[PDB]
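Alright, two takes on the same chain below, each alone as structure tokens: structure 1 and structure 2.
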Structure 1
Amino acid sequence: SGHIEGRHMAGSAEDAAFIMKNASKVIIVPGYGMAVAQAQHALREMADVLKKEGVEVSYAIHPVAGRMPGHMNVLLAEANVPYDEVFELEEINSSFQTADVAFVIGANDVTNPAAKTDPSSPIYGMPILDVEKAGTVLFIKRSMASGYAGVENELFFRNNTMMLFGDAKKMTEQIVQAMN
């Protein structure tokens, strides 16, 4: 069950299910972590349960999310995620404010502004994804560890931010189950 630990909120699979199953608009943010666990098929399934419940789903892709340009796009296509539901940062970063939930699965650095200050990084000087602008922000990852940038993300401590610790694929699978 959920609970507070340190300066962050640690939710559970059911919390995420309850929150999303009851929202009207969710925006999924896929990152490296999703690729490591090959959670794309589970993720698309989740999107299918939500869409069936009337919820509005779309995906926000950051230019350098993952480990190669367009990495998330091919993974989502692989899971048969409808092409029209995937959007690039420049054409959807402003839609976070009108979204109840921001489902951030396996992403970190692509949401953190503190990550684009290193000039030797592929993300240097690039706009970040505005996940905070949404009602609630779910972060699916194994721990409180940093990303490729090695810097700490300050969104893990926000009020509208709930951490869902676990494997990107395993956790998404539990959430799907909890949703039925």
Structure 2
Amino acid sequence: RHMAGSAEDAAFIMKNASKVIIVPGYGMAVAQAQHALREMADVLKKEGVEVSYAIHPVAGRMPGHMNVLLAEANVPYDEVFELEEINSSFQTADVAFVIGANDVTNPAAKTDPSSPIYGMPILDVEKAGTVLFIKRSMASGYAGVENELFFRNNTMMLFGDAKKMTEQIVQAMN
């Protein structure tokens, strides 16, 4: 059905990429991976890799939820961008590291008017060379709607805990 990978596979994919766009969601918050995340972001940046974080207006469970934690993790406000400045990029980025996020990436909300998120803007992640999702199960988010992206020829899943996984990827890269 869906492609699944391991922390060893993400390491390779990202240690060799050019541009990468980290998409943080409620998941990372729930896991408190702001640090594993930024930690990693550095390793990438040390390999000459381009990194930037994409923040969906409602990613998280409160306005600016991804922000506090990303700041708390000491993340450069010039590497953090908002939906209307970032989307225009994905289609020029080798990877779309989506950690702990779902609804904010669902393309359904641009399509079938029946879906509970229809009308809401989203981050065109499915435009990046290869897309990665770092959640635990195959469950959905708040909208509880299945994400059509999990089953694409450029989508690999990286099952695990937002933090425990990023830690194993940083680990693998080193």
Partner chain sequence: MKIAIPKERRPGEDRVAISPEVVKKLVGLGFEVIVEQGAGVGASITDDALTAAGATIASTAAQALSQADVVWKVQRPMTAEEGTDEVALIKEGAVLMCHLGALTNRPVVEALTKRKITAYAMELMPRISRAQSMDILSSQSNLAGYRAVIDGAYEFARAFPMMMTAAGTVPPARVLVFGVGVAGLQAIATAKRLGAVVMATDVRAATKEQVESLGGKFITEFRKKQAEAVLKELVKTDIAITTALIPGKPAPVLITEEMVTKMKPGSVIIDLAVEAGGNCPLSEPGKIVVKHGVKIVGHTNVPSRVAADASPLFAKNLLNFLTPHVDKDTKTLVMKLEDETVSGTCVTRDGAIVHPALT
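Only residues modelled in both forms are compared. The term rigid core refers to the most C-alpha atoms you can superpose between the two forms while keeping them within 1.5 Å. Residue 1 is the first residue of structure 1, and the numbers go on in sequence order from there.
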| property | result |
| --- | --- |
| Structure number, where the criterion is the form deposited without the partner chain | 1 |
| Entry of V36, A114, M68, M144 that shows, once the rigid core is matched between structures 1 and 2, a C-alpha shift of 2 Å or more | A114 |
| Core superposition between structures 1 and 2, C-alpha change of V55 at least 2 Å | no |
| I128 C-alpha relocation of at least 2 Å between structures 1 and 2, rigid core basis | no |
| Core-referenced Cα shift (Å), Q174, between structures 1 and 2 | 0.2 |
| Segments of at least three residues whose Cα atoms shift by 2 Å or more between structures 1 and 2, after superposing on the rigid core | 113-126 |
